[PDB]
Amino acid sequence: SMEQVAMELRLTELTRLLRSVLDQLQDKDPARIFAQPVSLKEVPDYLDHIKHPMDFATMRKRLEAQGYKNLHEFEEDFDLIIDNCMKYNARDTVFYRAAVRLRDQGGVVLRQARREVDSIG
C-alpha cells in the first residue's frame, strides 16, 4: 500500500538523521573507547556485571538495518554505552571519565536532534 510506503520513507529519513547524530556523538569519543564491544576474551567476567552491553559499532549495525523506530530507542542504546561504563569502571579511571565527557558533550547534540525529529515529524 501507499500508506506503508510512506511510513517506510519516514523510517528512512529518521535513519538518515540518526546516522548524522551517531557521527556527531562518536566524534565526542576521540580515544575510541566506545567504538567496539567489550571483548569477552579480554574481560571474561563482563556479562556477570553488565547485562546489556552496547557500543558504537553495534548501534551502527542496528541503524543500517533501519532498526531504530524512534529517537527514544536510539537514546536508550547511547545511554547503555555510558551507563555500562560508569558501573564497571571506577571514578578514577580513564574509562569512566571518557564516559562522563561523552555524556556531557552528547547531551548538546541530542537536545537539538529531538527538536529536529519533532519539527520534521
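For the single chain, residues carry numbers from 1 onward in sequence order. All values below come from the heavy atoms of this structure, side chains included, with hydrogens, waters and symmetry mates left out.
Closest heavy-atom contact between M59 and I81: SD-CD1, 3.7 Å. The two residues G67 and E73 have their closest heavy-atom pair at O-OE1, 3.7 Å. Across all non-hydrogen atoms, the minimal contact from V21 to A113 is CG2-CB, 3.6 Å. Closest approach of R19 to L63, counting heavy atoms only: CA-CD2, 3.5 Å. Heavy atoms only, all atoms of each residue included: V38 and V43 are closest at CG1-CG2, 3.8 Å.
The CG atom of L110 sits 5.0 Å away from atom CG of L25, with the distance rounded to the nearest 0.5 Å. The structure places CZ of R101 at 10.0 Å from CD1 of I33, a figure rounded to the nearest 0.5 Å. Rounded to the nearest 0.5 Å, atoms CD (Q66) and CG (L18) are 10.5 Å apart. Note that the CG atom of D29 and the CG atom of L102 stand 6.0 Å from one another [nearest 0.5 Å]. With rounding to the nearest 0.5 angstrom, the CG atom of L40 is 9.5 Å from the OH atom of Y46. Rounding to the nearest 0.5 angstrom, the gap separating the CD1 atom in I82 from the NZ atom in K87 is 10.5 Å.
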Full working for side-chain contact (heavy atoms from CB on, under 4.5 Å) between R103 and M86: CA-CA 11 Å; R103 193 199 58 189; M86 297 171 69; 3.9 Å; yes
Trace of the side-chain contact (heavy atoms from CB on, under 4.5 Å) decision for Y68 with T15: CA-CA 7 Å; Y68 299 109; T15 303; over 6 Å; no
Chi angles and distances behind the side chain to side chain donor-acceptor pair (under 3.5 Å) call for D55, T58: CA-CA 6 Å; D55 63 274; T58 299; 2.5 Å; yes
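In terms of the side-chain contact (heavy atoms from CB on, under 4.5 Å) criterion, residue partners of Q36 (sequence neighbours excluded) are, by chain and number, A57. Residues satisfying the side chain to side chain donor-acceptor pair (under 3.5 Å) test with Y96, not counting sequence neighbours, are none. Scanning for side-chain contact (heavy atoms from CB on, under 4.5 Å) contacts around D79 gives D83, with sequence neighbours left out.
At distances below 3.5 Å, not a single donor-acceptor pair connects side-chain atoms of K28 with backbone N or O atoms of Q24. Remark: side-chain polar atoms of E64 are not paired, donor with acceptor, to backbone N or O of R60 under 3.5 angstrom.
Residues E76 and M54 form no side-chain contact, since every pair of their non-hydrogen atoms from C-beta on lies 4.5 Å or further apart. In this structure the side chain of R91 never reaches within 4.5 angstrom of the side chain of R97, judged on heavy atoms. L14 places none of its side-chain heavy atoms less than 4.5 Å from the side chain of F74.
Salt-bridge formation is detected for the pair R114/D118: a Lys NZ or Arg NE/NH1/NH2 atom is positioned less than 4.0 Å from an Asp or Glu carboxylate oxygen.
Side chains of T12 and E8: a donor-acceptor N/O pair is absent below 3.5 angstrom, by distance only.
Note: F34 and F56 have perpendicular aromatic rings, judged against thresholds of 30 and 60 degrees for the angle between ring planes.
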